[PDB]
Amino acid sequence: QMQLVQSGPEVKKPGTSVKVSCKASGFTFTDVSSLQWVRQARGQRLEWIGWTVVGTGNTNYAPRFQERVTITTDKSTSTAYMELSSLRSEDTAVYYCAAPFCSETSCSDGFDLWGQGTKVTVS
Amino acid sequence: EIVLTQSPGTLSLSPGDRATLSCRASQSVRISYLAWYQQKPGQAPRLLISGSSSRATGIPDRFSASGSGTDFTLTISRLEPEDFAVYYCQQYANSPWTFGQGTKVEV
Amino acid sequence: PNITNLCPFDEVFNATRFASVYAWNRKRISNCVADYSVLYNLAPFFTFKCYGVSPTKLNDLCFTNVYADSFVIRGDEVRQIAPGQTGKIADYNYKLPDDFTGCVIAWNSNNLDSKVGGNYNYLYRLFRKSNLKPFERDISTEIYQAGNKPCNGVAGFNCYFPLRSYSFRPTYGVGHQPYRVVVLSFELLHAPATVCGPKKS
């Protein structure tokens, strides 16, 4: 079946950098598929990070994360990476990556697939 | 850039009645680029309706979306005991995308 | 055989700039004496792959019309210019028919095209709606839509710009540096002769 599996729970120290991954299962990023990253606390509002197209490589970021985050894709093993720098103690949350069903010709207009969520705790 | 205020904050109807929820924006309005998610307690949100006319795969015919301008409305025919969760509006068209505030439905 | 005339193969091969993959320029050669002795003899040729005629018996044949195509691709993609292949660049940019007559010359050109500061003027098509027919060219840059909903104006969700840019730098290893490619096409023995050189003795 079509599904995305992320990394495991992570604990980090303030100041350093963190590196998060999510990879498909029985599914390929092909050439038209997109992928967006969201951040969410314990029962509060959803926060949006950014999205990248695997094919053209063009990226987009929120103006709050314009300086200390990077989004990367890899068609080789069909994986997606977030790199965060200068972590702080109020960034403890859960990060999700989302992408729609899409294969090589034309595809959907809604973020159907969602990750299982990885807890990132900073202290 | 854009904000999506949601209402009403809380709804409580008996299981079997029809419920409605509204979310509205302020800046430029796009129609077919709105989606409604629901987040069960402790699990990742899932897509329910997107584009105001096309539903997700496997979702029953119960939910219905509409809205043309600033306001957008979601309607549920009946409340099955698992249909109690939070709901979120999202848009893609405009400047950096933003999510809704979050409304809860009770029994 | 005197001979006096000379076809401008040099002008094809010593140009300062070649066109992109999706806008390959095609040059006609006619009313001249063709001399392949200076062509094949040159040193740095990498792949002189020739299909319908033997690469040595060219000089004793008279051709009704000669067309030359030139472009610049990645080293890894050079194998996709052979007839019958299939790929992104063999379906969306340039493909050769199944009854191809004529043949191809590809040689490395990393010393000239690439720049250390970044060369960003070599584009190629990445999305298209259907496979193209042989020897067909397109230039329009209409925004390609992927979703079922219509798109217009500026890019966004399911609205992507169909052209990307090659990233050519000397630091890349073998397989990513540009290989200049030239394809010669011609017909045989069905029309009055226009281009051919003398036969040696």
# chains A, B, ... in the order shown; residues from 1 in each chain; ligands from 1
>>> closest_atom_pairs(of="range 15-119 of chain A", to="range 45-58 of chain B", cutoff="7 Å", atoms="only C-alpha atoms", output="JSON lines")
{"residue": "A:110", "atom": "CA", "partner": "B:50", "partner_atom": "CA", "distance": 6.0}
{"residue": "A:111", "atom": "CA", "partner": "B:47", "partner_atom": "CA", "distance": 6.9}
{"residue": "A:112", "atom": "CA", "partner": "B:47", "partner_atom": "CA", "distance": 5.5}
>>> interface_residues(of="chain C", to="chain B", cutoff="9 Å", atoms="only C-alpha atoms", output="PDB file with C-alpha atoms, in the first residue's frame")
ATOM      1  CA  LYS C 149      -8.402  21.802 -12.348  1.00  0.00           C
ATOM      2  CA  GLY C 156       1.988  27.399  -7.891  1.00  0.00           C
ATOM      3  CA  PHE C 157       0.276  24.106  -7.064  1.00  0.00           C
TER       4      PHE C 157
END
>>> residues_around(residues="residue 85 in chain C", least_positions_apart="3", cutoff="12 Å", atoms="only C-alpha atoms", output="ChimeraX atom specification")
/C:77-82,88-91,94-98
>>> residues_around(residues="residue 37 in chain C", least_positions_apart="2", cutoff="12 Å", atoms="only C-alpha atoms", output="number ranges by chain")
C: 6, 9, 34-35, 39-42, 55-59, 197-200
>>> interface_residues(of="chain C", to="chain A", cutoff="7 Å", atoms="only C-alpha atoms", output="list in words")
residues 146, 147 and 164 of chain C
>>> residues_around(residues="residue 82 in chain B", least_positions_apart="2", cutoff="12 Å", atoms="only C-alpha atoms", output="PyMOL selection string")
chain B and resi 15+38-41+78-80+84-86+105-107
>>> interface_residues(of="chain B", to="chain A", cutoff="7 Å", atoms="only C-alpha atoms", output="list in words")
residues 44, 46, 47, 50, 96, 97, 98, 99, 101 and 102 of chain B
>>> atom_distance(atom1="CA of residue 126 in chain C", atom2="CA of residue 141 in chain C")
11.2 Å
>>> residues_around(residues="residue 16 in chain A", least_positions_apart="2", cutoff="6 Å", atoms="only C-alpha atoms", output="list in words")
residues 14, 86 and 87 of chain A
>>> write_last_selection(atoms="C-alpha atoms", output="PDB file, in the first residue's frame")
ATOM      1  CA  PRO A  14      19.639  24.087  22.197  1.00  0.00           C
ATOM      2  CA  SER A  86      19.960  26.985  16.021  1.00  0.00           C
ATOM      3  CA  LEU A  87      17.404  24.860  17.857  1.00  0.00           C
TER       4      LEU A  87
END
>>> atom_distance(atom1="CA of residue 1 in chain B", atom2="CA of residue 59 in chain A")
18.2 Å
